[PDB]
Number of protein chains: 2
Amino acid sequence: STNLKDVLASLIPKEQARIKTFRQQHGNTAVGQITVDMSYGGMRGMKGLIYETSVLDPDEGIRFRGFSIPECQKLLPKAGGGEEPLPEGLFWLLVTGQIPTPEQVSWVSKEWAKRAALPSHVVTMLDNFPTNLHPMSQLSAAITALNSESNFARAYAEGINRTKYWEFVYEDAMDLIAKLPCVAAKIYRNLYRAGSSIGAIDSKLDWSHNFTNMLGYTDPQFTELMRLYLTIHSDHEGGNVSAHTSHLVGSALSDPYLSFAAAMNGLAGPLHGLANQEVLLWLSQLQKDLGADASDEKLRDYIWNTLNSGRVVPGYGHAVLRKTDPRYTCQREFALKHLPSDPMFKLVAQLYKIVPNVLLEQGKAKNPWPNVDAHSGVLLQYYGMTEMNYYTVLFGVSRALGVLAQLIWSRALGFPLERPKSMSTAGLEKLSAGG
Amino acid sequence: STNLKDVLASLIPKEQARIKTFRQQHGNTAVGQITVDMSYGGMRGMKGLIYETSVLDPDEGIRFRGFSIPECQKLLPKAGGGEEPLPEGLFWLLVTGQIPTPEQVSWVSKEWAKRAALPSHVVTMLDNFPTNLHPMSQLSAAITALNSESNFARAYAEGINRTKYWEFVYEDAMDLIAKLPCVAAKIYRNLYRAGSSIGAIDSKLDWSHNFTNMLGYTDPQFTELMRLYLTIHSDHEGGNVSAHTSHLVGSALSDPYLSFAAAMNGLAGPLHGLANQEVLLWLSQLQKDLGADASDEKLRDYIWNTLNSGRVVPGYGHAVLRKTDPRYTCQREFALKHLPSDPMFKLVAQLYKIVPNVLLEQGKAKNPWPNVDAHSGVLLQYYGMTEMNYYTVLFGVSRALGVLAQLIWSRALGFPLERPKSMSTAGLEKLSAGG
Ligand SMILES: CC(C)(COP(=O)(O)OP(=O)(O)OC[C@H]1O[C@@H](n2cnc3c(N)ncnc32)[C@H](O)[C@@H]1OP(=O)(O)O)[C@@H](O)C(=O)NCCC(=O)NCC[C@H](F)C(=O)O
Ligand SMILES: CC(C)(COP(=O)(O)OP(=O)(O)OC[C@H]1O[C@@H](n2cnc3c(N)ncnc32)[C@H](O)[C@@H]1OP(=O)(O)O)[C@@H](O)C(=O)NCCC(=O)NCC[C@H](F)C(=O)O
Ligand SMILES: O=C([O-])CC(=O)C(=O)O
Ligand SMILES: O=C([O-])CC(=O)C(=O)O
């Protein structure tokens, strides 16, 4: 009865037409200019790509197919007796642009439970990895190794006509989303619960619930946290490092496993998703140097020392957001409801009152407000997940939802190879005169 | 006596100053405009990044720090009794912008022989990989796994001041270039020469020679081919998929191993470096369907069938080049000198006379000329390297030279996070009115 793939078959041709006519009329219309500073500045401010699933507003934050987080919290189906949106529903919304029914949501859940299975070669590799190999590197290498199962890679090799690329990307997308939690849980168990097993998938539970059972957590509030976590970290428009990386690699026709693994190596950078781990390590040294209940003057001193040492304060600032990240606010609200007296939470709350002021004083950051990473690990630690080097993996698992949803669309719409022109400083000086 | 790292310490501050003043005067100067079609078109034609090591001219082809291939062939040091440039010398040129002395070239060779050593966990993983896991995926997963040895990742974790990032990237760069051949050779042996060993590095030979000995080839002309291959596939400006991917991932502060592995997943796409493999598989089906000596009318029929089936003709076309790739010409010249009567070479020669005409007739490709991938595998096969699924790995090994040379510069110059703005089709229609 429900079949996302049939839904997409009807949607595709209409969007193709719509874009075709638009470009007929406005393809040559200019939407912006490029300056020397934008080239030197990591394209800051350049409108450079088309990404359909989500769009970020610098002041208001992210919108998923038009809906803000509060709107999704309210509109998306929840688990029986739950309060947090199921990420399965967020995936349907991103892919079709429509709010799904609970019936449609449970179909996603069953499809993902049905497709979760790991090949033995991947299992062996994980089991043979050393404990000092970072969890994100373990994750990226296992996803890369899963490419032997690519249905897209296989069809490509068989000579499939380019109009059908999307059909195979969709299959690999749903299979990869299905498998992610098993891969991530195996790493968690191997590194931190040596000698135990992730167990089996219960075709009757939602994806987050099977995931938390494989991680070994029993707390029902923890399952709720996971549902929220996985929904909010899902997508953040196209220009963020991880999504842009999957887009660019996928543009060369690399399969979704290869495209997502490359995205993960970008999410592991300290300036991107690894900041969620970095924030906890910074907080831990904080409480260690200053000891648990610190005065504001001491917290200020501590922030200054980081700044003065040529380092960034993790969890603050953004390439596009100009105000407090709504994903940060959504997390604060969850804390206030569930762990209002936690001391670390209290520390995170206190820093909100101080860091922005110090960053403003310093005068270098354009956005002195916190980002999503400043409040995520605090929530995790409270429920017993204290392994901070593992935090980015959860972000990686959520990120698959958005990037894979767009990936299907990129191929459905025929987007070509991402290939801009580069310039040397010498060549650019000549182009203008020099300076 | 020779120490590239000391050379770079003098160069860095001067380039920093030069760029600083230039941007003081022209940062706001506009170098171009962005149109709707460029956004939908994978940024085609957009000047979007600064990349110092090489610059591609659409008509003339690539220049490495100002020198064309014929110029490098002529200026770069060669092996004793050799004719082809040593890739070690090309690396010095890319990194310093100056033609090195043979003395300087041998220092690179010894440094790379000194740093080649693989950790056991990487050795075990390779040895446990199944034979149906593509060589590029085996390569990318092993590079990812090597990140546990990252000196940059380590310094970052220790809180190093950002001004010293380049020093650690340089170390990881030289270590990674050193190790590449051992990793690539282990894959070659495991897959195609099961039960044999790559052997050991001879500190007295050039990098290409140790590499060919580890692959198990004895032919001296083959060593010469390798030197040329590795030099020409080294860099191709910054906007190509592989280089842009390393740039973008590295921009997040991910270590060079993570940045290069993500680059490799982009090089494995069929529209990028995997085309070198694709060309041989297409040629093999050709000679199989039509049988060895084909008439031009039959070759035309065969090209048309590919085009009509919704597929690309591998090895032809380019995102930027508008004329025959000089890397193709450089390869043709090598063939004419060394294997002029090879039947496959003859087929490749014959297609040069036909494919461009058919592509022009079809009217879709902007560049109907051949690219580097159309002539590389032909050379390999002639010397006995007939394992076509392994071809892209050699391109991967060469590519490390250019991307890693720029990576050091990106960090030395303080380039920030690559983060452009994305737009949805709906949001863009509104920005203009719609269509
Ligand atoms: C997010 C990030 C990379 C944005 O970079 P960018 O758009 O270049 O920032 P700005 O334009 O504000 O940078 C202007 C200057 O302020 C500095 N600055 C910005 N944010 C800073 C911070 N948190 N701490 C210290 N200095 C900071 C910049 O490093 C830059 O200094 P420079 O001129 O000497 O290079 C930057 O704010 C940062 O480093 N933040 C800390 C790391 C972080 O939290 N990353 C996670 C963010 C996100 F949520 C994600 O998970 O992806
Ligand atoms: C190189 C590549 C991706 C450039 O793409 P792009 O800049 O988008 O090409 P164009 O602007 O010329 O594309 C215009 C149209 O011509 C088609 N076309 C271009 N080259 C073609 C080819 N070799 N065979 C068939 N159709 C081709 C394009 O696919 C596109 O059709 P579409 O409108 O229906 O999408 C394209 O030429 C191609 O697919 N070539 C074949 C694959 C290949 O050889 N890759 C290796 C190239 C390089 F050397 C490398 O190794 O990285
Ligand atoms: O938007 C960005 O650049 C980074 C970010 O917050 C995300 O990827 O979630
Ligand atoms: O220049 C490009 O876009 C691709 C290419 O030829 C290379 O990366 O060598």
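One-based numbering along the chain as shown.
Technique stated in the header: X-ray crystallography, 1.7 Å.
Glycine is no exception: its Cβ is also placed from the backbone N, Cα and C atoms.
Over in Swiss-Prot, the protein carries these features:
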{"type": "ACT_SITE", "residues": "B:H272", "note": "active site"}
{"type": "ACT_SITE", "residues": "B:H318", "note": "active site"}
{"type": "ACT_SITE", "residues": "B:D373", "note": "active site"}
{"type": "BINDING", "residues": "B:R327, B:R399, B:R419", "note": "oxaloacetate binding site"}
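Cα-Cα distances to B:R327 (oxaloacetate binding site) place B:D373 within 10 Å, out of the active-site residues B:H272, B:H318, B:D373.
Among the recorded positions B:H272, B:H318, B:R399, B:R419, the ones whose Cα sits within 10 Å of the Cα of B:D373 (active site) are B:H272. Closeness to chain A is evaluated for the recorded positions B:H272, B:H318, B:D373, B:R419 by Cβ distance, with values under 8 Å counted; counted residues in sequence order are B:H272, B:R419. Taking a Cβ cut-off of under 6 Å from any atom of ligand 3, none of the recorded positions B:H272, B:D373, B:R399 qualifies.
Of the residues the record lists as binding oxaloacetate, namely B:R327, B:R399, B:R419, the two whose Cα atoms sit farthest apart are 32 Å from each other. In this structure, the recorded positions that sit close to ligand 2, with a C-beta under 6 angstroms from any of its atoms, are B:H272, B:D373, chosen from B:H272, B:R327, B:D373, B:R399.
When the Cα atoms are compared, B:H318 (active site) and B:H272 (active site) turn out to be 10 Å apart. On the backbone, the CA of B:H272 (active site) and the CA of B:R399 (oxaloacetate binding site) stand 12 Å apart.
Under 8 Å, Cβ to Cβ, and six or more positions away along its own chain, B:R419 (oxaloacetate binding site) finds B:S251. Neighbours of B:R327 (oxaloacetate binding site), defined as other CB atoms within 10 A of its CB across all chains, total 25. Around B:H318 (active site), a 10 Å sphere centred on its CB holds 23 further CB atoms from the protein chains shown. Counting only same-chain residues six or more apart in sequence, the Cβ atoms lying under 8 angstroms from the Cβ of B:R399 (oxaloacetate binding site) belong to B:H233, B:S234, B:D235, B:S242, B:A243, B:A263, B:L267, B:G273.
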